[PDB]
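Colleague: Partial complex follows, first chain(s) only, in situ:
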Amino acid sequence: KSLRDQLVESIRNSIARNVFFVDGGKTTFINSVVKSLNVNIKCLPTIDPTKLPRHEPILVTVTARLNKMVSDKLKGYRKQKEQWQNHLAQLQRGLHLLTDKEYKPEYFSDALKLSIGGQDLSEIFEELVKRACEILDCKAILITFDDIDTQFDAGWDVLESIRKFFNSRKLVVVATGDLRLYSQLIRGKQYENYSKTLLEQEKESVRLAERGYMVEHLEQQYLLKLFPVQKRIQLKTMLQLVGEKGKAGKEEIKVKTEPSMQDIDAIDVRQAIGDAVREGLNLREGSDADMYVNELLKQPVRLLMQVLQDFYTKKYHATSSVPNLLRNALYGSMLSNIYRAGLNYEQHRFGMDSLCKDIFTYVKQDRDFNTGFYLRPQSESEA
């Protein structure tokens, strides 16, 4: 929340690249920022790439949303209009280029028809932004982009749209995601700019090496230019948002455990999770549980919310064992991890025999072999 506020101030005191990034839910924070923005800058409905069609330009997407916004602000209460239609028509005409798998020469006369020469869709875009600012009495336009977690390849489309078109002084953009993926994307198409035959021929370690160093150097230089460090938001985690062991608690949350919870019975967050772990673990209130739950809170907020909202939910239902309901939650929470582990998938083969081999396998992958049966959250692998 305060993260959203701070970032809002950062964006506002920016108009006096132009991309702010959100590290990581993230969607919730971004929407909160959007609403907070509603120093005159005009915002637009979010841009969720992963739920946008495969082949269209983020350029056309933004152009259409701008069309809607301007049409509304113009249909309310023209000379702005025809000129805007003019800009829009040139945009559409010199827009084939993006799709075009080949150059027909016929566009040679299109590029010759009468401040750098040509039909630069970027300059058309910049003049469109100028027109929008003038019409809307805004200092700039904010653009938004949702995470590409479900589809991380299209996001490079946003990257390219930025590099070609949002290098304008009237536009600021907000990207969000985990920069690991962005790194693959940069790399992901870095190596394709190589020739296949060359990679075919020089598969010697040395040559592989210099190619990798060049590619990753270039990637680092592109990522920095795209996302200045200051312009990206660090974002607090839930665990940093709650007391580490009681010596903290910056902006507590509080959660509701049973239906009534009239805002005064809301059973903590840390305390509720500690209760759940202790009781579903036959665990007692020692320091061991505290560490288990600290390494339980850092987990993705959606993961924790589902795991602790299916626990107390089924507990309320059962009230009209605690741990059995508890690992009922764990099946759905970490099942992907366990199934990746290759261990028991079927629920009806639980028994006592299967559990022995379950721990036996888990220790074979965490190595250990000395206290792995401790099952302590000690692995580097989050799986």
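Modeller: Received the coordinates, thanks. Numbers count the residues shown, from 1 in each chain, chains lettered A, B, ... in the order given.
Colleague: can we go C-alpha only for contacts and neighbour counts from here?
Modeller: Fine.
Colleague: Mind naming the longest helix for chain A?
Modeller: When chain A is scanned for its longest helix (criterion: DSSP state H), the result is helix A:205-226.
Colleague: Toward the C-terminus, what is the element adjacent to that helix?
Modeller: Next in sequence after helix A:205-226, counting helices and strands by DSSP states H and E, comes strand A:232-233.
Colleague: Name every sheet partner of that next one and say whether each one runs parallel or antiparallel.
Modeller: strand A:19-23 (parallel) (DSSP bridges).
Colleague: buried sites along the strand it pairs with?
Modeller: When neighbours are counted by 16 or more other Cα atoms under 10 Å, the buried residues of strand A:19-23 are found to be A:19-22.
Colleague: again, but for stretch A:298-314
Modeller: Applying a neighbour-count criterion of 16+ other Cα under 10 Å, one finds A:299, A:303-304, A:307-312, A:314 buried in stretch A:298-314.
Colleague: I'd assumed residue A:198 was in a helix, is it?
Modeller: Yes. Counting by DSSP: H, G, I helix; E, B strand; the rest coil, one finds residue A:198 located in a helix.
Colleague: can you give me the helices in the stretch 1-150 of chain A?
Modeller: Secondary structure of the stretch 1-150 of chain A (DSSP state H, counting those that start in this stretch): helices located at A:2-12, A:26-37, A:58-75, A:79-93, A:96-99, A:107-110, A:121-136.
Colleague: can you put the ones you listed in a markdown table and add distance to residue A:351 and mean neighbour count?
Modeller: Formatted as a markdown table, the helices of the stretch 1-150 of chain A follow (distance: least, Cα to Cα, whole Å; neighbours: other Cα atoms under 10 Å):
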| stretch | distance to residue A:351 | mean neighbour count |
| --- | --- | --- |
| helix A:2-12 | 47 | 15 |
| helix A:26-37 | 40 | 16 |
| helix A:58-75 | 54 | 16 |
| helix A:79-93 | 66 | 14 |
| helix A:96-99 | 59 | 12 |
| helix A:107-110 | 72 | 12 |
| helix A:121-136 | 65 | 19 |
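Colleague: rewinding a little: is it possible to export the buried residues of strand A:19-23 to TSV including distance to residue A:163?
Modeller: As requested, the buried residues of strand A:19-23 are arranged in TSV below (distance: Cα to Cα, whole Å):
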residue	distance to residue A:163
A:19	11
A:20	14
A:21	15
A:22	19
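Colleague: next up, chain B:
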Amino acid sequence: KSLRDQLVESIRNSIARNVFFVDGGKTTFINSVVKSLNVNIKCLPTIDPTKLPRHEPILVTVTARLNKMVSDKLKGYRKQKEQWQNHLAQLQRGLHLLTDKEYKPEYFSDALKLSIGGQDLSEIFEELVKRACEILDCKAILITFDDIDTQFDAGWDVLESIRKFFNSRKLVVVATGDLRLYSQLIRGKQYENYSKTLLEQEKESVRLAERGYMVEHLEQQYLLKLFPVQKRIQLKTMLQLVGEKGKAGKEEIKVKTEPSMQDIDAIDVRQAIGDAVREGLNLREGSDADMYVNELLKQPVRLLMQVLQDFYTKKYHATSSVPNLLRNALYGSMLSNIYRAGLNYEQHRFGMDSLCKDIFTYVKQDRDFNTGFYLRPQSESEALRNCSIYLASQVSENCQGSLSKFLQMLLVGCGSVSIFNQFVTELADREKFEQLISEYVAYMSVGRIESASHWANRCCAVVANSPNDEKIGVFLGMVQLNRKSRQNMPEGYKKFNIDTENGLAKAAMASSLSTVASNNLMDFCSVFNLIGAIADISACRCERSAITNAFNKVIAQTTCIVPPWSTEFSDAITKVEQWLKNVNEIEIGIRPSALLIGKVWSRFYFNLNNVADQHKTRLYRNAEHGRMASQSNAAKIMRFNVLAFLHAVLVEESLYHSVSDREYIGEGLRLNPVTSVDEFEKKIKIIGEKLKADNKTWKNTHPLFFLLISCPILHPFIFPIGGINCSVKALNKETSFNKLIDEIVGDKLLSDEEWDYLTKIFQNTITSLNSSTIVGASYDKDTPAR
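Modeller: Putting chain B onto the chains we already have gives this:
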């Protein structure tokens, strides 16, 4: 600035290939030159292939731009226009040649319609530019081409246009980037000149050899013609524009840090970077900070500027820690560096746990294993050199104001590598090498550190798992005493019985104790184990009870396995807890730098090598009572081990702790007390006299050394039974040393009666280890006479 100036003169005095290249903001320089020309030549709008459609001819792009210029110069104020359109139409209809993926016969007649014969758009272009000059009233025109870093495959087409159209007299070309990439481009592009079948047929090494050799021959053959060297631009760097170490400074720049600086408060560039590095890293203004800042200036202007424009701005925001704010900037600045490094990306998983394994990992890609804990950018890897800086910043961030966290770092990050390279490198091939390091990490739980005593007790087994040459249980900083007290052996030498010790000394050596469970379950005694216990107990809290709990846990005999490749304490508790109440309040100013802790570990580890070499051949049947320097016992060995520890502490802290702006150790041959304490005592005397003269305390300066001598768990070891040199020349120095200890600590550690007893029930001192028999030591011969 002088760069592009000389550039402009060079272009102007060229009309009287015509390709010029700027090696590399590169675009900033090129565009600045662009405006510089605004010898009459017409400049052309900058051309970035990456800002251009994936399928376009630079020919068409240039043609359209030429169109705008000729037209508007002509819409200003006719015969030129229509003939120009004649040239334009000739271009256009001959243009398909560029695009067409096939040859259609219908164009043969088109080529059959009318100065060399044919439909060469090259010439078409040259008379085009001829007419353009005719109109524009310039002796020639410059074409510009932007860096292709974002998509370097585009520049290839510009290249063909180079060979194909820019082979004209009235043309000057300007290109930007890193010619290494262009080399990459052409090297591949030639490969498509080959028949694939050829390639999968003659794939024998010699054949590949001549094939490459020809390829590189052609590569250079091209690059010469495209980019004659006389026309290539050097592009001096910032380090080439800023004083290297003060004997330079050609036209210093000055950049802003806070909002105001009305053109006078601009704090240098070198000076500002030195500030950022030193105070964001606890680096002092020694000789390293400059080299680091130079290795910070060597990086591209954008990265350096952004990292030096973010740090100070967020300083301003926060002020309305320097080490943490500094690591913040480096985090993004080298994220891709780090990300490819596979290092901790989870900002929520930074801690001090991930830090130590981060140091270890870096010390595996950098190789080293000798001073990699120094973390200085010594590696060629331009990604590792800056990861080193970021990791140093993070270590300082973690250790800000934390005595026991500093202890934990020095132990885990530093000694883990020291023990590996000298003790775990005899096993490891490459894949087997990373495996071995993996199980090494697993045994130590490095990065996933449990406790300092845990790491020490693992290190004790590691140390035991190798040394030979008389098989003496007297290692770097440990003494392998006999537990099974059944060995026909002389005088009063015996096993170690902890029950014979009392108060704050029994627990002290029981904590320095190490009882590994290899199979023999040998009980080791190591300065490493005792240091781990001290680090464990030195930042628990101010509580009286949990202090007792940790007291027991550390003193409780804890048993560990070898790596798979081989009522009576309420007084000591009060004393230790008073030492903690001192430490937790005087440590808030500790600002150890990664280099500081690297030096401390290096010096103490090697002093341990010295004390391990020099003390093995000193074990005699009468070596007990340690009166001379030729008499050795487990007690004296461990006392000298702790002495090396504290001497390295004081020396490196006086030398390199960021809180200290000048040296009080003195300019001399810093040597170590190995069989005598003369070095340590003399250095202490000089440091104390310097502190008195400059009106400073051992708390203001040398607070870490102060607290380390102030540890109640260490005091019994300083003057143990059998380890105090009773020679008169030795006695006076040891007496002065005891006086210095009492003065610095502010308290008299040992009573006069205790001191005289030793120098001829004793709590606060070791009384059993002198007669404690060390396994392996023959104790056959006696000390030589004379």
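Colleague: since we added chain B, can you redo the buried residues of stretch A:298-314?
Modeller: Taking 16 or more other Cα atoms under 10 Å in any protein chain shown as the neighbour-count basis, stretch A:298-314 is seen to contain the buried residues A:298-299, A:303-304, A:307-312, A:314.
Colleague: biggest separation within the residues you listed, which pair?
Modeller: The span of those, defined through Cα to Cα, is set by A:298 and A:314 at 23.5 Å.
Colleague: any idea of the angle the longest helix of chain A forms with helix B:179-191?
Modeller: Taking axes from the mean of the first three to the mean of the last three Cα atoms, to 10 degrees, helix A:205-226 and helix B:179-191 form an angle of 120 degrees between their directions.
Colleague: Packing partners of helix A:205-226?
Modeller: Identification of packing neighbours for helix A:205-226 by 3 or more Cα pairs under 8 Å, 6 or more residues apart in numbering or on different chains; DSSP states H and E yields helix A:179-190, helix B:301-319, helix B:335-341.
Colleague: and if we set it to 7 Å?
Modeller: In terms of contacts (3 or more Cα pairs under 7 Å, 6 or more residues apart in numbering or on different chains; DSSP states H and E), helix A:205-226 is packed against helix A:179-190.
Colleague: Next, the buried residues of the longest helix of chain A.
Modeller: Counting neighbours by 16+ other Cα under 10 Å, helix A:205-226 gives A:211, A:214-226 as buried.
Colleague: what's near enough to touch the most centrally placed residue in chain A?
Modeller: In chain A, the centroid-proximal residue (Cα atoms, centre = their mean) is residue A:177; its distance is 2.7 Å. Under the criterion of Cα atoms under 7 Å, 6 or more residues apart in numbering or on different chains, the neighbours of residue A:177 are A:22-24, A:147.
Colleague: will you turn the residues you listed into CSV that also has distance to residue A:263?
Modeller: Converted to CSV, the contacts of residue A:177 look like this (distance: Cα to Cα, whole Å):
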residue, distance to residue A:263
A:22, 31
A:23, 31
A:24, 29
A:147, 33
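Colleague: could you dump these to CSV with distance to chain B?
Modeller: Supplementary listing: these in CSV, determined by distance: Cα to the nearest Cα, whole Å:
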residue, distance to chain B
A:22, 13
A:23, 10
A:24, 9
A:147, 18
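Colleague: Mind checking if stretch A:123-133 is in reach of chain B?
Modeller: No. Under the criterion of Cα under 7 Å from any Cα of the partner chain, chain B is not reached by stretch A:123-133; the shortest gap measures 10.8 Å.
Colleague: Give me the contact list for that stretch.
Modeller: If you take Cα under 7 Å, 6+ apart as the criterion, stretch A:123-133 is touched by A:70, A:87, A:91, A:139-140, A:165, A:168, A:170.
Colleague: Kindly incorporate the sequence below as chain C:
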Amino acid sequence: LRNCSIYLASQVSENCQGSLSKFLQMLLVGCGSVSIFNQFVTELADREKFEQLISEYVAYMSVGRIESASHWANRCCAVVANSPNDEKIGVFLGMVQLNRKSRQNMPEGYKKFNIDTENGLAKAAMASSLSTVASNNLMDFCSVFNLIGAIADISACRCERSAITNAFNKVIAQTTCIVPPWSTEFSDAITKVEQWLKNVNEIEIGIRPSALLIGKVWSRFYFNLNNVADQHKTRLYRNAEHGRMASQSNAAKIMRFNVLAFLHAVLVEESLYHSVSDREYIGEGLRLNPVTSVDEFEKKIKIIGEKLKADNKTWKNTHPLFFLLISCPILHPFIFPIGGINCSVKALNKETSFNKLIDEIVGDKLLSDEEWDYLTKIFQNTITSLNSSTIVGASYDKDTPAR
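Modeller: Adding chain C to the chains above:
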């Protein structure tokens, strides 16, 4: 490669022009390191194995990323030590493994080497020559290679008197280095050294060292070291100390002759190749390496000096590199050691003329006449303990043959 070689030669010259310390650093690091890899390091080397070996080699000496000539000296001393066979005589290519543990019941007055028995400008030079390897048994070797690395380190730091003392400590102090993983009381010496600096920093401006001359110097001097080592593994007799006739040798003679071979190659190649001069004053003679004597080197000196005087040439104008090398205060002590000076009537007369020639070239008398007569029969600037310094491995069972 035909062009890479020329580029490298151009770079080396461009770097080393007018810079004596830079000449030394390059001459050593780029050339002698390669030779060492060849003769001693090639004994392990598959092609991937060889590349791993070369990578480990370069990582060890920080070749390309050298910290200091003294640092590479400490590393290369251990590198050299990690091999020698054939009676395991502690006198290597250009260095000698000193016995650091003086518990060895050996004859006459032979003992360990104590730096405490030595004082001032000789104590410090010998301590810097000391090579304290961190191998395992902690064998403190001594190399003329170690010393020359020290000279390279200290030759072009700056003119500051105090930084002279700092570097003096850093170099002469015990230097520790592990084996590669494949096996006050100096206030006068400091003044002399800084005066030598105040001369060198100003007479070194004309040196134009070529890569060819650099390589040839190493080629002659390394083989001279080879021969000075081969000829003297079987002359360490119980009476071999005192170095009176040509048939008695000791560690002091070893050090003197290693330094002498260094400077002999220096003079020969300077007269032969240095671009500063258009002619060779060495002469059309059978240029030989003085191994068990100084006769060849002294004949060369006399001829070169006489022709310099005939041609109106000074040893600063010609042989400036060699001039400054001979002028080095630290090289002075090894020139006329105790027990390393051949006292034969004919040997004595050539040694005396050699002393006089060196003195005239330098422009100052290194040794007092009492020092000279004592050597021929508290002596600062002179090594006095290495004569009785027992060499690890030398049996010292036999003595000089009679007749």
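Colleague: please look at what packs on helix A:205-226 again, because chain C has been put in.
Modeller: Based on contacts counted as 3+ Cα pairs under 7 Å, 6+ apart, the elements that helix A:205-226 packs against are helix A:179-190.
Colleague: Can I get the helix it packs on as PDB, trimmed to CA atoms?
Modeller: These are the backbone C-alpha positions of helix A:179-190, laid out as PDB (Å, rounded to 0.1, in the frame of the first residue of the first chain):
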ATOM      1  CA  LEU A 179      13.200  -9.500 -14.300                       C
ATOM      2  CA  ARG A 180      14.500 -13.100 -14.700                       C
ATOM      3  CA  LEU A 181      12.000 -13.600 -17.500                       C
ATOM      4  CA  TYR A 182      12.900 -10.200 -19.000                       C
ATOM      5  CA  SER A 183      16.500 -11.400 -19.000                       C
ATOM      6  CA  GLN A 184      15.600 -14.600 -20.900                       C
ATOM      7  CA  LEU A 185      13.600 -12.600 -23.400                       C
ATOM      8  CA  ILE A 186      16.400 -10.200 -24.100                       C
ATOM      9  CA  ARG A 187      18.700 -13.300 -24.300                       C
ATOM     10  CA  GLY A 188      15.800 -15.300 -25.700                       C
ATOM     11  CA  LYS A 189      16.100 -13.400 -29.000                       C
ATOM     12  CA  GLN A 190      19.700 -12.300 -28.600                       C
END
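Colleague: Would you pull up how far it lies from the middle of the chain?
Modeller: The chain centre lies 14 Å from the centre of helix A:179-190; the measure is Cα atoms, centre = their mean, to the nearest Å.
Colleague: buried stuff in that helix?
Modeller: Within helix A:179-190, the residues that qualify as buried are A:179, A:181-187, A:190, counting by 16+ other Cα under 10 Å.
Colleague: can you check stretch A:162-181 too?
Modeller: Neighbour-count burial for stretch A:162-181 flags A:162-168, A:170-177, A:179, A:181 (criterion: 16+ other Cα under 10 Å).
Colleague: Span of it from start to end?
Modeller: When the termini of stretch A:162-181 are compared using Cα to Cα, to the nearest Å, they are 17 Å apart.
Colleague: Residue A:351 - how many residues pack around it?
Modeller: Around residue A:351 there are 9 other residues, counting by other Cα atoms under 10 Å in any protein chain shown.
Colleague: Quick check: the gap between it and chain C.
Modeller: In this structure, residue A:351 and chain C are 54 Å apart, going by Cα to the nearest Cα, to the nearest Å.
Colleague: what sits against that residue?
Modeller: Counting by Cα under 7 Å, 6+ apart, residue A:351 touches no other residue.
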